[PDB]
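Structure data follow from start18.txt (compact mmCIF, C-alpha atoms):
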# COMPACT_ATOMS: atom_id res chain seq x y z
CA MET A 1 -3.96 42.62 20.10
CA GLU A 2 -1.01 41.15 21.97
CA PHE A 3 0.99 40.57 18.76
CA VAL A 4 0.61 44.26 17.77
CA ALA A 5 1.46 45.43 21.22
CA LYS A 6 4.60 43.28 21.32
CA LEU A 7 5.62 44.43 17.83
CA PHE A 8 5.23 48.07 18.79
CA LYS A 9 7.16 47.64 22.02
CA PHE A 10 9.94 45.89 20.16
CA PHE A 11 10.33 48.68 17.52
CA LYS A 12 10.16 51.37 20.21
CA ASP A 13 12.76 49.46 22.29
CA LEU A 14 15.04 49.18 19.24
CA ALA A 15 14.55 52.84 18.35
CA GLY A 16 15.50 53.76 21.90
CA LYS A 17 18.64 51.61 21.68
CA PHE A 18 19.74 53.15 18.39
CA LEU A 19 19.02 56.74 19.49
CA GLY A 20 20.17 56.15 23.03
CA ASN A 21 17.66 56.18 25.89
CA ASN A 22 19.76 57.22 28.98
CA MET B 1 2.72 34.44 21.62
CA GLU B 2 5.67 32.97 23.48
CA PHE B 3 7.66 32.39 20.28
CA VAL B 4 7.29 36.08 19.29
CA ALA B 5 8.14 37.25 22.74
CA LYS B 6 11.28 35.09 22.84
CA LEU B 7 12.30 36.25 19.34
CA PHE B 8 11.91 39.89 20.30
CA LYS B 9 13.84 39.45 23.54
CA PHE B 10 16.62 37.71 21.67
CA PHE B 11 17.01 40.50 19.04
CA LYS B 12 16.84 43.19 21.72
CA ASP B 13 19.44 41.28 23.80
CA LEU B 14 21.72 41.00 20.76
CA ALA B 15 21.23 44.66 19.86
CA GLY B 16 22.18 45.58 23.42
CA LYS B 17 25.32 43.43 23.19
CA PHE B 18 26.42 44.96 19.91
CA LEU B 19 25.70 48.55 21.00
CA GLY B 20 26.85 47.97 24.55
CA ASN B 21 24.34 48.00 27.41
CA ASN B 22 26.44 49.04 30.49
CA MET C 1 9.40 26.26 23.13
CA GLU C 2 12.35 24.79 24.99
CA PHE C 3 14.34 24.21 21.79
CA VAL C 4 13.97 27.90 20.80
CA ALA C 5 14.82 29.07 24.25
CA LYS C 6 17.96 26.91 24.35
CA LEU C 7 18.98 28.07 20.85
CA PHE C 8 18.59 31.71 21.81
CA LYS C 9 20.51 31.27 25.05
CA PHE C 10 23.30 29.52 23.18
CA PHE C 11 23.69 32.32 20.55
CA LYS C 12 23.52 35.01 23.24
CA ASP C 13 26.12 33.10 25.31
CA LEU C 14 28.40 32.81 22.27
CA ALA C 15 27.91 36.48 21.38
CA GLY C 16 28.86 37.40 24.93
CA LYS C 17 31.99 35.25 24.71
CA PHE C 18 33.09 36.78 21.42
CA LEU C 19 32.37 40.37 22.52
CA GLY C 20 33.53 39.79 26.06
CA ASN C 21 31.02 39.82 28.92
CA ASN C 22 33.12 40.86 32.00
CA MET D 1 16.08 18.08 24.65
CA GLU D 2 19.03 16.61 26.51
CA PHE D 3 21.02 16.03 23.30
CA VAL D 4 20.65 19.72 22.31
CA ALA D 5 21.50 20.88 25.77
CA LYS D 6 24.64 18.73 25.86
CA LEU D 7 25.66 19.88 22.37
CA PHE D 8 25.27 23.53 23.33
CA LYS D 9 27.19 23.09 26.56
CA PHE D 10 29.98 21.34 24.70
CA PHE D 11 30.37 24.14 22.06
CA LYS D 12 30.20 26.82 24.75
CA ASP D 13 32.80 24.92 26.83
CA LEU D 14 35.08 24.63 23.78
CA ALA D 15 34.59 28.30 22.89
CA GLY D 16 35.54 29.22 26.45
CA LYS D 17 38.67 27.07 26.22
CA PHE D 18 39.77 28.60 22.93
CA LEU D 19 39.05 32.19 24.03
CA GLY D 20 40.21 31.61 27.57
CA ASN D 21 37.70 31.63 30.44
CA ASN D 22 39.80 32.68 33.52
CA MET E 1 22.76 9.90 26.16
CA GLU E 2 25.71 8.43 28.02
CA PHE E 3 27.70 7.85 24.82
CA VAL E 4 27.33 11.53 23.83
CA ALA E 5 28.18 12.70 27.28
CA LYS E 6 31.32 10.55 27.38
CA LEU E 7 32.34 11.70 23.88
CA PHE E 8 31.94 15.34 24.84
CA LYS E 9 33.87 14.91 28.08
CA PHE E 10 36.66 13.16 26.21
CA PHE E 11 37.05 15.96 23.58
CA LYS E 12 36.88 18.64 26.27
CA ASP E 13 39.48 16.74 28.34
CA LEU E 14 41.76 16.45 25.30
CA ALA E 15 41.27 20.12 24.41
CA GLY E 16 42.22 21.04 27.96
CA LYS E 17 45.35 18.89 27.73
CA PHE E 18 46.45 20.42 24.45
CA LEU E 19 45.73 24.01 25.54
CA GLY E 20 46.89 23.43 29.09
CA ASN E 21 44.38 23.45 31.95
CA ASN E 22 46.48 24.50 35.03
CA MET F 1 29.44 1.71 27.67
CA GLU F 2 32.39 0.24 29.54
CA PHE F 3 34.38 -0.33 26.33
CA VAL F 4 34.01 3.35 25.34
CA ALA F 5 34.86 4.52 28.79
CA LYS F 6 38.00 2.37 28.89
CA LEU F 7 39.02 3.52 25.40
CA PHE F 8 38.62 7.16 26.36
CA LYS F 9 40.55 6.73 29.59
CA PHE F 10 43.34 4.98 27.73
CA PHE F 11 43.73 7.78 25.09
CA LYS F 12 43.56 10.46 27.78
CA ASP F 13 46.16 8.56 29.86
CA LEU F 14 48.44 8.27 26.81
CA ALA F 15 47.95 11.93 25.92
CA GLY F 16 48.90 12.86 29.47
CA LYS F 17 52.03 10.70 29.25
CA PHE F 18 53.13 12.24 25.96
CA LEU F 19 52.41 15.83 27.06
CA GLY F 20 53.57 15.25 30.60
CA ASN F 21 51.06 15.27 33.46
CA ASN F 22 53.16 16.32 36.55
CA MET G 1 36.12 -6.47 29.19
CA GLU G 2 39.07 -7.94 31.05
CA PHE G 3 41.06 -8.52 27.85
CA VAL G 4 40.69 -4.83 26.86
CA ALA G 5 41.54 -3.66 30.31
CA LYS G 6 44.67 -5.81 30.41
CA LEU G 7 45.70 -4.66 26.91
CA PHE G 8 45.30 -1.02 27.87
CA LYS G 9 47.23 -1.45 31.11
CA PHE G 10 50.02 -3.20 29.24
CA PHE G 11 50.41 -0.41 26.61
CA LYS G 12 50.24 2.28 29.29
CA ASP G 13 52.84 0.37 31.37
CA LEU G 14 55.12 0.09 28.33
CA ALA G 15 54.63 3.75 27.43
CA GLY G 16 55.58 4.68 30.99
CA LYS G 17 58.71 2.52 30.76
CA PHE G 18 59.81 4.06 27.48
CA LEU G 19 59.09 7.65 28.57
CA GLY G 20 60.25 7.07 32.11
CA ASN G 21 57.74 7.09 34.98
CA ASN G 22 59.84 8.13 38.06
CA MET H 1 42.80 -14.65 30.70
CA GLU H 2 45.75 -16.12 32.56
CA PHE H 3 47.74 -16.70 29.36
CA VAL H 4 47.37 -13.01 28.37
CA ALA H 5 48.22 -11.84 31.82
CA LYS H 6 51.35 -14.00 31.92
CA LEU H 7 52.38 -12.84 28.42
CA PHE H 8 51.98 -9.20 29.38
CA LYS H 9 53.91 -9.63 32.62
CA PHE H 10 56.70 -11.38 30.75
CA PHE H 11 57.09 -8.59 28.12
CA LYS H 12 56.92 -5.90 30.81
CA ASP H 13 59.52 -7.81 32.88
CA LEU H 14 61.80 -8.09 29.84
CA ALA H 15 61.30 -4.43 28.95
CA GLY H 16 62.26 -3.51 32.50
CA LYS H 17 65.39 -5.66 32.28
CA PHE H 18 66.49 -4.13 28.99
CA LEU H 19 65.77 -0.54 30.09
CA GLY H 20 66.93 -1.12 33.63
CA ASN H 21 64.42 -1.09 36.49
CA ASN H 22 66.52 -0.05 39.57
CA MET I 1 49.48 -22.83 32.21
CA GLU I 2 52.43 -24.30 34.08
CA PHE I 3 54.42 -24.88 30.87
CA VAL I 4 54.05 -21.19 29.88
CA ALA I 5 54.90 -20.02 33.34
CA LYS I 6 58.03 -22.18 33.43
CA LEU I 7 59.06 -21.02 29.94
CA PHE I 8 58.66 -17.38 30.90
CA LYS I 9 60.59 -17.82 34.13
CA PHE I 10 63.38 -19.57 32.27
CA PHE I 11 63.77 -16.77 29.63
CA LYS I 12 63.60 -14.08 32.32
CA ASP I 13 66.20 -15.99 34.40
CA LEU I 14 68.48 -16.28 31.35
CA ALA I 15 67.98 -12.61 30.46
CA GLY I 16 68.94 -11.69 34.01
CA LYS I 17 72.07 -13.84 33.79
CA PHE I 18 73.17 -12.31 30.50
CA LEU I 19 72.45 -8.72 31.60
CA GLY I 20 73.61 -9.30 35.14
CA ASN I 21 71.10 -9.27 38.01
CA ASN I 22 73.20 -8.23 41.09
CA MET J 1 8.51 56.97 5.03
CA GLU J 2 9.61 53.47 4.08
CA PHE J 3 9.17 52.15 7.64
CA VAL J 4 5.53 53.38 7.72
CA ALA J 5 4.84 52.01 4.30
CA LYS J 6 6.25 48.61 5.24
CA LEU J 7 4.30 48.59 8.52
CA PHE J 8 1.06 49.40 6.74
CA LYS J 9 1.63 46.76 4.07
CA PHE J 10 2.38 44.19 6.73
CA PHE J 11 -0.86 44.88 8.72
CA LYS J 12 -2.92 44.93 5.53
CA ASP J 13 -1.29 41.65 4.41
CA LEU J 14 -2.04 40.07 7.80
CA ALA J 15 -5.62 41.38 7.77
CA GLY J 16 -6.08 39.86 4.33
CA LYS J 17 -4.73 36.52 5.57
CA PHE J 18 -7.02 36.44 8.59
CA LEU J 19 -10.12 37.53 6.63
CA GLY J 20 -9.18 35.55 3.56
CA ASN J 21 -8.15 37.34 0.36
CA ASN J 22 -9.06 34.84 -2.45
CA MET K 1 15.19 48.79 6.54
CA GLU K 2 16.29 45.29 5.60
CA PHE K 3 15.85 43.97 9.15
CA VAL K 4 12.21 45.19 9.23
CA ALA K 5 11.52 43.83 5.82
CA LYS K 6 12.93 40.42 6.75
CA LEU K 7 10.98 40.41 10.03
CA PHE K 8 7.74 41.21 8.25
CA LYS K 9 8.31 38.58 5.58
CA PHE K 10 9.06 36.01 8.25
CA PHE K 11 5.82 36.70 10.24
CA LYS K 12 3.76 36.75 7.04
CA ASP K 13 5.39 33.47 5.93
CA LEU K 14 4.63 31.88 9.32
CA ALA K 15 1.06 33.20 9.29
CA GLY K 16 0.60 31.68 5.85
CA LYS K 17 1.95 28.33 7.09
CA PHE K 18 -0.34 28.26 10.10
CA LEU K 19 -3.44 29.35 8.14
CA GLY K 20 -2.50 27.37 5.07
CA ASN K 21 -1.47 29.15 1.87
CA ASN K 22 -2.38 26.66 -0.94
CA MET L 1 21.87 40.61 8.05
CA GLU L 2 22.97 37.11 7.11
CA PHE L 3 22.53 35.79 10.67
CA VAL L 4 18.89 37.01 10.75
CA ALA L 5 18.20 35.65 7.33
CA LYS L 6 19.61 32.24 8.26
CA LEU L 7 17.66 32.23 11.55
CA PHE L 8 14.42 33.03 9.76
CA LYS L 9 14.99 30.40 7.10
CA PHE L 10 15.74 27.83 9.76
CA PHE L 11 12.50 28.52 11.75
CA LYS L 12 10.44 28.57 8.56
CA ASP L 13 12.07 25.28 7.44
CA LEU L 14 11.31 23.70 10.83
CA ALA L 15 7.74 25.02 10.80
CA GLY L 16 7.28 23.49 7.36
CA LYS L 17 8.63 20.15 8.60
CA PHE L 18 6.34 20.08 11.62
CA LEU L 19 3.24 21.17 9.66
CA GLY L 20 4.18 19.18 6.59
CA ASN L 21 5.21 20.97 3.39
CA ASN L 22 4.30 18.47 0.58
CA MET M 1 28.55 32.42 9.57
CA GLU M 2 29.65 28.93 8.63
CA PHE M 3 29.21 27.61 12.18
CA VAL M 4 25.57 28.83 12.26
CA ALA M 5 24.88 27.47 8.85
CA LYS M 6 26.29 24.06 9.78
CA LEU M 7 24.34 24.04 13.06
CA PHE M 8 21.10 24.85 11.28
CA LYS M 9 21.67 22.22 8.61
CA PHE M 10 22.42 19.65 11.28
CA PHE M 11 19.18 20.34 13.26
CA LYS M 12 17.12 20.38 10.07
CA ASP M 13 18.75 17.10 8.96
CA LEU M 14 17.99 15.52 12.34
CA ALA M 15 14.42 16.84 12.32
CA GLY M 16 13.96 15.31 8.87
CA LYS M 17 15.31 11.97 10.11
CA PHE M 18 13.02 11.90 13.13
CA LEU M 19 9.92 12.98 11.17
CA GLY M 20 10.86 11.00 8.10
CA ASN M 21 11.89 12.79 4.90
CA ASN M 22 10.98 10.29 2.09
CA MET N 1 35.23 24.24 11.08
CA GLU N 2 36.33 20.75 10.14
CA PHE N 3 35.89 19.43 13.69
CA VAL N 4 32.25 20.65 13.78
CA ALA N 5 31.56 19.29 10.36
CA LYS N 6 32.97 15.88 11.29
CA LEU N 7 31.02 15.86 14.58
CA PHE N 8 27.78 16.67 12.79
CA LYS N 9 28.35 14.04 10.12
CA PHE N 10 29.10 11.46 12.79
CA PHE N 11 25.86 12.15 14.78
CA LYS N 12 23.80 12.20 11.59
CA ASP N 13 25.43 8.92 10.47
CA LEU N 14 24.67 7.34 13.86
CA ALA N 15 21.10 8.66 13.83
CA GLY N 16 20.64 7.13 10.39
CA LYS N 17 21.99 3.79 11.63
CA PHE N 18 19.70 3.72 14.64
CA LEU N 19 16.60 4.80 12.68
CA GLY N 20 17.54 2.82 9.62
CA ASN N 21 18.57 4.61 6.42
CA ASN N 22 17.66 2.11 3.60
CA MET O 1 41.91 16.06 12.60
CA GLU O 2 43.01 12.57 11.65
CA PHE O 3 42.57 11.25 15.21
CA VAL O 4 38.93 12.47 15.29
CA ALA O 5 38.24 11.11 11.87
CA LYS O 6 39.65 7.70 12.80
CA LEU O 7 37.70 7.68 16.09
CA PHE O 8 34.46 8.49 14.31
CA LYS O 9 35.03 5.86 11.64
CA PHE O 10 35.78 3.28 14.30
CA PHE O 11 32.54 3.97 16.29
CA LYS O 12 30.48 4.02 13.10
CA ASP O 13 32.11 0.74 11.98
CA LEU O 14 31.35 -0.84 15.37
CA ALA O 15 27.78 0.47 15.34
CA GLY O 16 27.32 -1.05 11.90
CA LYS O 17 28.67 -4.39 13.14
CA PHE O 18 26.38 -4.46 16.16
CA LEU O 19 23.28 -3.38 14.20
CA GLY O 20 24.22 -5.36 11.13
CA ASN O 21 25.25 -3.57 7.93
CA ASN O 22 24.34 -6.07 5.12
CA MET P 1 48.59 7.88 14.11
CA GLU P 2 49.69 4.38 13.17
CA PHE P 3 49.25 3.06 16.72
CA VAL P 4 45.61 4.29 16.80
CA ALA P 5 44.92 2.92 13.39
CA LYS P 6 46.33 -0.48 14.32
CA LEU P 7 44.38 -0.50 17.60
CA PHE P 8 41.14 0.31 15.82
CA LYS P 9 41.71 -2.33 13.15
CA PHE P 10 42.46 -4.90 15.82
CA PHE P 11 39.22 -4.21 17.81
CA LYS P 12 37.16 -4.16 14.61
CA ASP P 13 38.79 -7.44 13.50
CA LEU P 14 38.03 -9.02 16.89
CA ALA P 15 34.46 -7.71 16.86
CA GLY P 16 34.00 -9.23 13.42
CA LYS P 17 35.35 -12.57 14.66
CA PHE P 18 33.06 -12.64 17.67
CA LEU P 19 29.96 -11.56 15.71
CA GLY P 20 30.90 -13.54 12.64
CA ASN P 21 31.93 -11.75 9.44
CA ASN P 22 31.02 -14.25 6.63
CA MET Q 1 55.27 -0.30 15.62
CA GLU Q 2 56.37 -3.80 14.68
CA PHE Q 3 55.93 -5.12 18.24
CA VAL Q 4 52.29 -3.90 18.32
CA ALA Q 5 51.60 -5.26 14.90
CA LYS Q 6 53.01 -8.67 15.83
CA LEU Q 7 51.06 -8.68 19.12
CA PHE Q 8 47.82 -7.87 17.33
CA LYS Q 9 48.39 -10.51 14.67
CA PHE Q 10 49.14 -13.08 17.33
CA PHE Q 11 45.90 -12.39 19.32
CA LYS Q 12 43.84 -12.34 16.13
CA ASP Q 13 45.47 -15.62 15.01
CA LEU Q 14 44.71 -17.21 18.40
CA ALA Q 15 41.14 -15.89 18.37
CA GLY Q 16 40.68 -17.41 14.93
CA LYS Q 17 42.03 -20.76 16.17
CA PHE Q 18 39.74 -20.83 19.19
CA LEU Q 19 36.64 -19.74 17.23
CA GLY Q 20 37.58 -21.72 14.16
CA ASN Q 21 38.61 -19.93 10.96
CA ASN Q 22 37.70 -22.43 8.14
CA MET R 1 61.95 -8.48 17.14
CA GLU R 2 63.05 -11.98 16.20
CA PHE R 3 62.61 -13.30 19.75
CA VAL R 4 58.97 -12.08 19.83
CA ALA R 5 58.28 -13.44 16.42
CA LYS R 6 59.69 -16.85 17.35
CA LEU R 7 57.74 -16.86 20.63
CA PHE R 8 54.50 -16.06 18.85
CA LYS R 9 55.07 -18.69 16.18
CA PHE R 10 55.82 -21.26 18.85
CA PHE R 11 52.58 -20.57 20.83
CA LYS R 12 50.52 -20.52 17.64
CA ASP R 13 52.15 -23.81 16.52
CA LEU R 14 51.39 -25.39 19.91
CA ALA R 15 47.82 -24.07 19.88
CA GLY R 16 47.36 -25.60 16.44
CA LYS R 17 48.71 -28.94 17.68
CA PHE R 18 46.42 -29.01 20.70
CA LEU R 19 43.32 -27.92 18.74
CA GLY R 20 44.26 -29.91 15.67
CA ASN R 21 45.29 -28.12 12.47
CA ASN R 22 44.38 -30.62 9.66
Using the file provided, produce a representation of the structure as structure tokens.
Amino acid sequence: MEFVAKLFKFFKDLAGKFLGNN
Amino acid sequence: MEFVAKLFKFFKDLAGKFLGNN
Amino acid sequence: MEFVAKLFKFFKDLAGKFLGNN
Amino acid sequence: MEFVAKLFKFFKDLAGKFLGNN
Amino acid sequence: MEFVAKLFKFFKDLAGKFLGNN
Amino acid sequence: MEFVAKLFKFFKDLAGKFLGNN
Amino acid sequence: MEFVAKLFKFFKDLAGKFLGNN
Amino acid sequence: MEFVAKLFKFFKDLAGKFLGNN
Amino acid sequence: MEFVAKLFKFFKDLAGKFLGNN
Amino acid sequence: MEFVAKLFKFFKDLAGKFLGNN
Amino acid sequence: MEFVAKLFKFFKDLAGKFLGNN
Amino acid sequence: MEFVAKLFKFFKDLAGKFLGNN
Amino acid sequence: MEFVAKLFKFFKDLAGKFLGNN
Amino acid sequence: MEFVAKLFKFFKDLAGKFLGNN
Amino acid sequence: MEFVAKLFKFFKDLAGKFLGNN
Amino acid sequence: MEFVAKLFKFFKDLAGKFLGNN
Amino acid sequence: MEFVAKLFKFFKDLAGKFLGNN
Amino acid sequence: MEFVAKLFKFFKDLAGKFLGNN
């Protein structure tokens, strides 16, 4: 499951960068 | 999994540079 | 993995030079 | 890996000279 | 690797002379 | 490598004379 | 290597005489 | 190498006489 | 090498006489 | 919905590769 | 969506290379 | 997207060389 | 993108020379 | 880009000479 | 770029002489 | 560039004489 | 450049006499 | 340049006499 976890963290991290997370 | 982790860090790092991270 | 790490550091370093990192 | 490291340092050093690094 | 190192130092030294390094 | 080193020093020395090194 | 060294010193010495070295 | 050294000293000495060395 | 040395001294001595050496 | 569709196709494609699909 | 599509094709292509696709 | 495409082609090309692609 | 393309071709060309490409 | 292209051709040419290219 | 081209041809020519090119 | 070309031809010519070129 | 050309021809001619050129 | 040419011809002529030129 590590691949899936990393993939999900990466998309969530990119979503947060595009939408702004601060 | 190290290759995937490095690839994801690299794209997130480049996204942060393009969008500005400070 | 050292080749990949070096390649990623090099592109990030060049991106930072082109965009300005200070 | 020394050849790759030297090659990357050399391109980064030349980029810094062309863009100005001080 | 000494030949490569010397070659890179020589091009960087000449770049610095042409662009001015002081 | 001494021949290469001498050749590089000689071209750098001549470049410095032509561009002025003082 | 002595021949090469002498040849390089001689051309540098003549360059310095033609350009002026004082 | 003595012949080469003498030949180089002689041309440098004559260059200095023609250009003036004092 | 004595012949070469004498020949070079003689031409330098004559050059100095023609150009003036005092 | 394209992101979800692509994500589902990708996991199904990887499942098929791991389990064998021919 | 092109980035996601390319990323998914790349992981599927690498999975196929590691597992063998012929 | 050209940078990403080139990066993915390059890693796939290197994977194919290491694993053998003929 | 020409610099990146050239860099990737050069590493792939060197990989092919080291691993043998005929 | 001509400097980079020439540098890459030169290293590939030297690699081919050292490894043998016929 | 002529200086670089000449320098590279000269090192490749000398490498070929040392390794034998016929 | 004529000085550099002549210098390179001269070293290559001398290398060929020392190693034998027929 | 005539002085340099003559000097190089003279050293090559003497090298050929010492090593034998027929 | 006539002096230099004559000097070089004279040394080459004497070298040929000492080493034998027929």
Exercise: residue 22 (chain F) partners within 12 Å, only C-alpha atoms, chain neighbours under 6 positions left out, as a ChimeraX atom specification | /E:22 /F:16 /G:21-22
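CA of residue 8 (chain D) sits 21.5 Å away from CA of residue 12 (chain L).
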Post-fit chain A coords, all in-order Cα pairs vs chain H, as a PDB file with C-alpha atoms, keeping the file's coordinate frame:
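After the write, superposed_29.pdb holds the following:
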ATOM      1  CA  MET A   1      42.796 -14.651  30.697  1.00  0.00           C
ATOM      2  CA  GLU A   2      45.746 -16.121  32.567  1.00  0.00           C
ATOM      3  CA  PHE A   3      47.746 -16.701  29.357  1.00  0.00           C
ATOM      4  CA  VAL A   4      47.366 -13.011  28.367  1.00  0.00           C
ATOM      5  CA  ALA A   5      48.216 -11.841  31.817  1.00  0.00           C
ATOM      6  CA  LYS A   6      51.356 -13.991  31.917  1.00  0.00           C
ATOM      7  CA  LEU A   7      52.376 -12.841  28.427  1.00  0.00           C
ATOM      8  CA  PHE A   8      51.986  -9.201  29.387  1.00  0.00           C
ATOM      9  CA  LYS A   9      53.916  -9.631  32.617  1.00  0.00           C
ATOM     10  CA  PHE A  10      56.696 -11.381  30.757  1.00  0.00           C
ATOM     11  CA  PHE A  11      57.086  -8.591  28.117  1.00  0.00           C
ATOM     12  CA  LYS A  12      56.916  -5.901  30.808  1.00  0.00           C
ATOM     13  CA  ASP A  13      59.516  -7.812  32.887  1.00  0.00           C
ATOM     14  CA  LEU A  14      61.796  -8.091  29.837  1.00  0.00           C
ATOM     15  CA  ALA A  15      61.306  -4.431  28.947  1.00  0.00           C
ATOM     16  CA  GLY A  16      62.257  -3.512  32.498  1.00  0.00           C
ATOM     17  CA  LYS A  17      65.397  -5.662  32.277  1.00  0.00           C
ATOM     18  CA  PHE A  18      66.496  -4.122  28.987  1.00  0.00           C
ATOM     19  CA  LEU A  19      65.777  -0.532  30.088  1.00  0.00           C
ATOM     20  CA  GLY A  20      66.927  -1.122  33.628  1.00  0.00           C
ATOM     21  CA  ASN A  21      64.417  -1.092  36.488  1.00  0.00           C
ATOM     22  CA  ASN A  22      66.517  -0.053  39.578  1.00  0.00           C
TER      23      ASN A  22
END
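Remark: for chain D, the closest of the candidate residues N:19, N:7, N:2, N:14 is N:7 (distances computed over all atoms listed in the file).
From CA of residue 9 (chain G) back to CA of residue 3 (chain Q), the distance works out to 16.0 Å.
Our summary of the geometry notes that CA of residue 11 (chain C) is positioned 27.8 Å from CA of residue 20 (chain M).
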Write out as AutoDock Vina command-line options an axis-aligned box for region 1-20 of chain K: all of its atoms listed in the file, 3 Å added on each side, centre and edge lengths in Å with one decimal.
--center_x 6.4 --center_y 38.1 --center_z 7.7 --size_x 25.7 --size_y 27.4 --size_z 11.2
